[PDB]
Amino acid sequence: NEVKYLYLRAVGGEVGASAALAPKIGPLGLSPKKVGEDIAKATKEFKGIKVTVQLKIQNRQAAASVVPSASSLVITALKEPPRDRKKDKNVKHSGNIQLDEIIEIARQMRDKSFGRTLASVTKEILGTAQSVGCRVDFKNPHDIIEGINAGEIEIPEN
Amino acid sequence: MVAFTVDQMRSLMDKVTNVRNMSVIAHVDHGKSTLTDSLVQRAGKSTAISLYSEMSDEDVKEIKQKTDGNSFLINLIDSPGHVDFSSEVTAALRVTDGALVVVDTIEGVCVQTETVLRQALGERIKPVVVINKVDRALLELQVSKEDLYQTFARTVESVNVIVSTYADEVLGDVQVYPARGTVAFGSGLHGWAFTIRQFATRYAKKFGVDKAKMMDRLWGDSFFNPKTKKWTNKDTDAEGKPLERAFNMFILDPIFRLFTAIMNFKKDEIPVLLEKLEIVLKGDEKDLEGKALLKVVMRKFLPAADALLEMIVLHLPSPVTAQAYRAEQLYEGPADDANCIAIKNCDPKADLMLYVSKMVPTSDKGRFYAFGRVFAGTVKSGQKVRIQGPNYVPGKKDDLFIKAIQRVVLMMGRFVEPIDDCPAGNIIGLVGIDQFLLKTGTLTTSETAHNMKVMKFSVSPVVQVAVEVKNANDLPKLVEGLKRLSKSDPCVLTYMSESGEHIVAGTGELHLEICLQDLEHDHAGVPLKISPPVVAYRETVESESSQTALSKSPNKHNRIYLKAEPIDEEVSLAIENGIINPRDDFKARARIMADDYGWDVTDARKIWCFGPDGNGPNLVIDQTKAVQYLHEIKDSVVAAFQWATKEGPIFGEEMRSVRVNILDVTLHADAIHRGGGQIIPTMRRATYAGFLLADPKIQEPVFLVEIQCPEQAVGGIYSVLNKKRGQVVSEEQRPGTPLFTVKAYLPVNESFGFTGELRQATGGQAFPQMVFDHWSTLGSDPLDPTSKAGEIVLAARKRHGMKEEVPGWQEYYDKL
Amino acid sequence: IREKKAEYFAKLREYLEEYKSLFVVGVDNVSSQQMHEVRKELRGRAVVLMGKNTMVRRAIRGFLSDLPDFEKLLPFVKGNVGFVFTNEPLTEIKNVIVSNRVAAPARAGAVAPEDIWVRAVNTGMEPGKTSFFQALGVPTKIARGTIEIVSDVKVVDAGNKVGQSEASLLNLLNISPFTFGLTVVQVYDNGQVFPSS
RNA sequence: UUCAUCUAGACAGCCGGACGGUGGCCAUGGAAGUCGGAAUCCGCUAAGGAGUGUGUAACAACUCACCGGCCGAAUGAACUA
Ligand SMILES: CO[C@H]1[C@@H](O)[C@H](O)[C@H](OC[C@@]23C[C@@H]4[C@H](C)CC[C@H]4[C@@]4(C=O)C[C@@H]2C[C@H](C(C)C)[C@@]34C(=O)O)O[C@@H]1C
Ligand SMILES: Nc1nc2c(ncn2[C@@H]2O[C@H](COP(=O)(O)OP(=O)(O)O)[C@@H](O)[C@H]2O)c(=O)[nH]1
Ligand SMILES: [Mg+2]
Ligand SMILES: [Mg+2]
């Protein structure tokens, strides 16, 4: 009924675990169950990945929407063809993400990000992707980052 | 009451609006029995005691209940504070309507105070709080005047946190406040207590100030501001030298001056204060020192027995008004049946509704009067009554008896009072039952009277100890003692373990030790010894019988070739709950077994028997090709499988999830050489041989344990579980309450003393319940005596008297 | 280290000779997130440079060779200070710097500059927080299933530092009593220093 | 003895900051720097570890690496006997 704002990380396209949201939402009155499917409605595209979800709860109504986050956007941009949950430990996902995607990812974060130019944000996401373990343009993200440094992979400052 | 009149209690009880059915609940040592003794002081296990209190017009009108008259009868239960007895307090809560919360001023709100209020507020009981041992803060902690007030405020605030969290959203306003008169303060040991509402009356007789407005001014941020006579609501700095509040300066101050003068031996000042407070003396109290003059003056100045019962009469509900919102809670039936409505009315002329909760011993072995609460109708001594069992369903034949009562009786202080009849909504016991009601149930008259709820309690029997007598010939006296203990104490559980062991189950170590003490001395009368119960294991395989098992008959004319299979657990679970049943028809039970469980269809039809006992979770498969005389030895083969699956070859325990695939059989032509005496031994040895090559392993039972614990103490759950190999499954939180619920798999092997370990690690706030769930296969070899699974086998064999080593596959196998 | 040290000299030299105006800002009790926010606001318009008080003095003292006028900067370079360089309408530059003030959360050990109070209000926190209030002695009631303080309590008295118990309750209720932001001690431009006012 | 830091302010001490992407990849019932395996990135930077410890069920909240404010001339470490 107010500006109350929650931030839960849930695997996409699935209702959050009871222990994940039911303790927090419900002290105000909203039953967890229909909130649970609310994230599912937001997360359809981000299904199979633990994405952040903002909750703008007001008048027993939770505005569920995926919060753009480096790890989430990078992996879902590659679209991560169906990842077998029972495959093995240390689920690996590297694929090959294009420069076009990562700079487009940086735009979605450029608002919140603290970079000066777009080049700063783009190398930032590449640093994120290295942790995620991807392969930007068949090359290590660090190598592209230093490539951006010595005027090799330019960034449209728009 | 010293034998006022047998009819007079009956006549007063007839009034259903002037009666108070309450139980006193508190922490273990917060003085609840002393307060109860002080309540019975002026009246001349938990047996109900009844109290009589008169009243006047002015304070009887100030009662938010439908009532008429000026005398009241109070029904009191002495509930136990120990968590190990947290089941009979639930029994008290079902049989009562009000709760007197005794609270320590020194210790405050403790763990068991937290628990009992949760029980009371779950059962929709209005609590009233009394803060006892206030004398301790005055003489031990030396709180002057303001620290005592602050402790009271902390105590009231702490109680209301419990109330606000656990009060159902049907009443809401059941919060406890001293201003409304719902909180009392006093010292039960010295026999003095008060309420600010009572104190507001004392000053009105001299000041003439209104009493309705003294409630919100004698408590809280409210100051008299003397030298000006203006009741300020804040300190205001008092134009300098900030002044004290009304609670300290009007209520606590007269108490403290009496304490200071009397304890400091101001013989000139004691009479001055006493004559000011209009007290009464005796012929020997003038010659009195401290610690005894203080007790007599305080009981006379502010009598606890007078404040407390008036506290009950005002705020604690009557039966006629609580059953209105409680009837749907005790009645699992619909809300729109005549029997449900008769509960709400509390009318003594409808069909009978008497919930028996206790079996009160009679000083005679096996008479056990049936204590309970009448809900609807009037019971008469010598009337046909339909007894219902806990699992009674009116639709079909169930635990319904058509017996009658011999005598309706009133409970009092360890004496029994027979009366002809009793109206609805009070406390009554019955003579002539305990041969027709094991633990609990209801006593009714209607044909559409469903039994009410089972009276769920927050605890469960989690401490398991095996019991058996040193004297072998004294076995029946123990089992007679066990059955007598099972009916005396309502929470103790006696049963037989799967290893033929007598098990006594209790809530905790203290409760179990109480019951075991009863066995040794009171109930059985025979000295018995107590040990941890023997865990019953199962024997399984985790491979495919690396080479074929070959066994020869004693005459060598018959040979059995077979192999072992690790049957899938889902199929094993299916068999034991009746999905795959031997009495079903083959080629149809096979189809469910094959299509719905992934097995081979041909094997599914070719079923010979289940083991053990003919319906166990073990299988024997006819994998044989065409062969002459299988069908004549089929009976012998299944009998040996029953033998082999009942006593396994590792340490003699039942087989589980073991499939025997009989690859080939070679039988003599003449039946006299392939009889039972030749096939039964050879199949069992072949099965024993087949088992020992398919990586034999042992299965331990695993408890499914669920614990309710508050947030502060959840850490102890994981610490104990991770030390006792527990496997945490899931967590949840109840809506609004901070109570966690942890579901985990705690192995039965490492499950003795777990509750004692859990209670110490969580500070007693954790409440575990356990039930057998499944069998888990240990990964270590049970034939390696130095393995974690091979020490169980070695230990078990020694206890059974078998040898230390396990006979290898070299035995049971014939070289061919 | 010296090569790294000389690089800051080069950066300071370049700024000193390319930005007519520079803002001497006191950054006491200023968080790093706050500093990031200020730089974002001033981005494009201006550049913020911090450094070691002694380092800049030696840098400025040496730079006097080409740019003598900068001598007047030195005496005011003391305490936790930084340099915001701009070529912009200073008033707007000054406003943004001194308006980014962010209320720092109450912290245990910070000397209280006034009398912190917990006024009677509907805190909105669920009843499992009464311990925090009970710890400080604050009288509370549960109205509408939430903590309601009954009476004014002075949680911290002026002067005496915020205790751990004091701070914990205060951070729950968001009663942060001290705000910090980049304050300006001097303004240099057109080769002249003068106060912000 | 060797290697380092130091008037471009060293060590100690007191006080301020110790961020953003980001809840980095994961499995884990839960793990958000701090049960763990692998990876040790980028931006803002005077500076901040995909975190040295306390702590949590996990968050939270403290703390230290790192940089600053004060002071002002020396100091630290590892070795040798
Ligand atoms: C109310 O309490 C109930 C259950 O809830 C509880 O699980 C308890 O468990 C008892 C055991 C039940 C297991 C299954 C029947 C197979 C093996 C049995 C056990 C081991 O031998 C495991 C638990 C613990 C008991 C051994 C160690 C003595 C069991 C037994 O009765 O033998 O049973 C009582 C009757
Ligand atoms: N000083 C003081 N001691 C008390 C009071 N009430 C109980 N006690 C102590 O508690 C002990 C037994 O109390 P009891 O009523 O049996 O505790 P219960 O288990 O709650 O019934 C006695 O030894 C008393 O010293 C009280 O009001 N004041
Ligand atoms: Mg007692
Ligand atoms: Mg952790």
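Residue numbers start from 1 in every chain, and the chains themselves are labelled A, B, ... in the order their sequence lines are given, proteins ahead of strands. Because only heavy atoms are used, hydrogens play no part in the values below, and waters and symmetry mates are left out as well, while side chains stay in.
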Task: Options D/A8, D/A46, D/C41, nucleotide nearest the side-chain atoms of C/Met50 - done: D/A46
- [ ] Please state how far atom CZ in C/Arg43 lies from atom P in D/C44, giving the value in whole angstrom units.
- [x] 7 Å
Open item on the list: With D/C6 and D/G20, is there a Watson-Crick or G-U wobble pair, both distances less than 3.5 Å?
Closed with: no
Task: Whole-Å P distance, D/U40 and D/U54 - done: 26 Å
Open item on the list: With hydrogens left out and only the distance checked, is there a donor-acceptor pair under 3.5 Å joining C/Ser32's side chain and the base of D/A47?
Closed with: yes
Task: Shortest side-chain distance from C/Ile1, nucleotide among D/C25, D/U5, D/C42 - done: D/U5
TODO: Write down the distance separating the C1' atoms in D/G33 and D/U63, rounded off to the nearest Å.
DONE: 13 Å
TODO: Tell me the partner of D/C14, counting only Watson-Crick (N1-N3 plus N6-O4 or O6-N4) or G-U wobble (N1-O2 and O6-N3) with both under 3.5 Å; none if nothing fits.
DONE: D/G69
Open item on the list: Heavy atoms only, 4.0 Å cut-off, all strands: where does B/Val728 land among base, sugar-phosphate and nothing?
Closed with: base
Open item on the list: Students often get this wrong, so: under 4.0 angstrom with heavy atoms, is C/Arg61 touching a base, only sugar-phosphate, or nothing?
Closed with: nothing
Task: NZ on A/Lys41 to OG on A/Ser65, rounded to 0.5 Å - done: 15.5 Å
TODO: Assign the ring pair A/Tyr5 / A/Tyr7 to parallel, tilted or perpendicular, where the plane angle (0 to 90°) is split at 30° and 60°.
DONE: perpendicular
Task: Heavy-atom side-chain proximity of C/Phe83 to C/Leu16 below 4.5 angstrom - done: no
- [ ] Establish whether the base of D/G24 is bridged to the side chain of A/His93 by a donor-acceptor pair shorter than 3.5 Å.
- [x] no
Open item on the list: Taking D/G76 first: does it form a Watson-Crick or wobble pair with D/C3, both atom distances below 3.5 Å?
Closed with: yes
Task: Comparing C/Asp28 and B/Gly715 on RNA chain D - which has the more 5′ nearest nucleotide - done: C/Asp28
Task: Inter-nucleotide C1' distance (D/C42, D/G16), Å rounded - done: 27 Å
Task: Nucleotides D/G36 and D/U22 paired (Watson-Crick or wobble, under 3.5 Å) - done: no
- [ ] Please determine, for the side chain of C/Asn29, which listed nucleotide (D/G29, D/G68, D/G16) has the closest atom?
- [x] D/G16
Task: Residue pair B/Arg759 / B/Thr755, side-chain donor-acceptor N/O under 3.5 Å - done: yes
TODO: Give the rounded distance in Å between these two atoms: CZ of A/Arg9 and P of D/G21.
DONE: 12 Å
- [ ] Classify the nucleic acid contact of A/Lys112 as base, sugar-phosphate or nothing, counting any heavy atom under 4.0 Å across all strands shown.
- [x] nothing
Open item on the list: Need the pair for D/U40. Rule: Watson-Crick or G-U wobble, both distances under 3.5 Å, any strand; none if unpaired.
Closed with: none
Task: Inter-nucleotide P distance (D/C11, D/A38), Å rounded - done: 34 Å
Open item on the list: Considering every strand and a 4.0 Å limit on heavy-atom distances, what is the contact class for B/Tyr718: base, sugar-phosphate, or nothing?
Closed with: base
- [ ] With the side chain of A/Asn90 defined as its heavy atoms from C-beta on, choose the nearest nucleotide among D/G37, D/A8, D/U28.
- [x] D/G37
- [ ] Taking only the side-chain heavy atoms of C/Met35 (C-beta and beyond), determine which of D/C26, D/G16, D/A47 contains the nearest atom.
- [x] D/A47
- [ ] May I ask you to say what C/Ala6 touches in the nucleic acid, namely base, sugar-phosphate or nothing, with a heavy-atom cut-off under 4.0 Å?
- [x] base
Open item on the list: Looking at C/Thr54 and D/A8, is any side-chain donor or acceptor paired with a base atom of the opposite kind under 3.5 Å?
Closed with: no
Task: Option passing side-chain hydrogen bond (donor to acceptor under 3.5 Å, both in side chains) with B/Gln765 (candidates B/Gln708, B/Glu711, B/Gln712) - done: B/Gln712
Task: Check: C/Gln164 side chain, D/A61 base, donor-acceptor under 3.5 Å - done: no
Open item on the list: Give me the distance, rounded to whole Å, that separates D/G30 from D/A61 when you measure between the P atoms they each carry.
Closed with: 23 Å
TODO: Round to the nearest Å and state the distance from B/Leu704 atom CG to D/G29 atom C1'.
DONE: 14 Å
TODO: May I ask you to say what B/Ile717 touches in the nucleic acid, namely base, sugar-phosphate or nothing, with a heavy-atom cut-off under 4.0 Å?
DONE: nothing
Open item on the list: Quick check for you: to the nearest 0.5 Å, what is the distance between A/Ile153 atom CD1 and A/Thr122 atom OG1?
Closed with: 9.5 Å
Task: C/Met35 side chain reached by C/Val30 side chain, heavy atoms, under 4.5 Å - done: yes
Open item on the list: What is the distance, to the nearest angstrom, from the CE atom on A/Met109 to the P atom on D/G24?
Closed with: 12 Å
- [ ] Kindly point out which of D/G69, D/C41, D/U22 is positioned nearest to the side chain of A/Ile145?
- [x] D/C41
- [ ] Note down whether D/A50 puckers north or south, where north is a positive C1'-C2'-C3'-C4' and south a negative one.
- [x] south
Open item on the list: A side-chain contact here means heavy atoms from C-beta on lying under 4.5 Å apart; do C/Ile175 and C/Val155 qualify?
Closed with: no
Open item on the list: If you go through the side-chain atoms of C/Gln33, does one of them form a donor-acceptor pair with the base of D/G20 closer than 3.5 Å?
Closed with: no
Task: Sugar geometry class by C1'-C2'-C3'-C4' for D/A12 - done: north
Open item on the list: Please give the distance between the P atoms of D/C41 and D/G49 as a whole number of Å.
Closed with: 9 Å
Open item on the list: Using 30° and 60° as the class boundaries, would you call the ring planes of C/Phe63 and C/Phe9 parallel, tilted or perpendicular?
Closed with: perpendicular
- [ ] State whether the distance check finds a donor on one side and an acceptor on the other, under 3.5 Å, for side chain A/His142 versus base D/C41.
- [x] no
- [ ] Give the rounded distance in Å between these two atoms: CD1 of A/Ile155 and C1' of D/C42.
- [x] 13 Å
TODO: May I have the distance from A/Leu8 (atom CG) to D/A58 (atom P), rounded to whole angstrom?
DONE: 18 Å
- [ ] Name the nucleic acid region contacted by C/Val30, choosing base, sugar-phosphate or nothing; use a 4.0 angstrom heavy-atom cut-off, strictly under.
- [x] sugar-phosphate
Task: Closest to side chain of C/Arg57, choosing from D/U28, D/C70, D/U5 - done: D/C70
Task: D/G36: north vs south, judged on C1'-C2'-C3'-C4' - done: north
Open item on the list: What's the gap between D/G51 and D/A31 when it is taken at their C1' atoms, as a whole Å value?
Closed with: 15 Å
- [ ] Tell me whether the sugar of D/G51 sits north or south, going by the sign of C1'-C2'-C3'-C4' (positive is north, negative is south).
- [x] south
- [ ] For D/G69, take OP1 and OP2 only and decide whether either is under 4.0 Å from a side-chain N or O of C/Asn53.
- [x] yes
Task: Closest listed nucleotide, where the reference is the side chain of C/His36 and the choices are D/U45, D/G48, D/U7 - done: D/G48
Open item on the list: Base, sugar-phosphate or nothing for A/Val132? Non-hydrogen atoms, less than 4.0 Å.
Closed with: sugar-phosphate
Open item on the list: Can you tell me if D/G9 puckers north or south, using the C1'-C2'-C3'-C4' torsion sign?
Closed with: south
Task: Nearest-Å distance for atom pair CG/P, residues C/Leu12 and D/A8 - done: 15 Å
TODO: Identify the two heavy atoms, one from B/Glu700 and one from B/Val748, that lie closest to each other, and give their separation to 0.1 Å.
DONE: OE1-N, 4.4 Å
TODO: Determine which nucleotide pairs with D/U54, using a 3.5 Å limit on both distances of a Watson-Crick or G-U wobble pair.
DONE: D/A61
Task: Separation between the P atoms of D/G55 and D/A60, rounded to whole Å - done: 16 Å
Task: Watson-Crick or G-U wobble pair, D/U75 with D/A4, both distances under 3.5 Å - done: yes
TODO: May I have the distance from A/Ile97 (atom CD1) to D/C25 (atom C1'), rounded to whole angstrom?
DONE: 15 Å
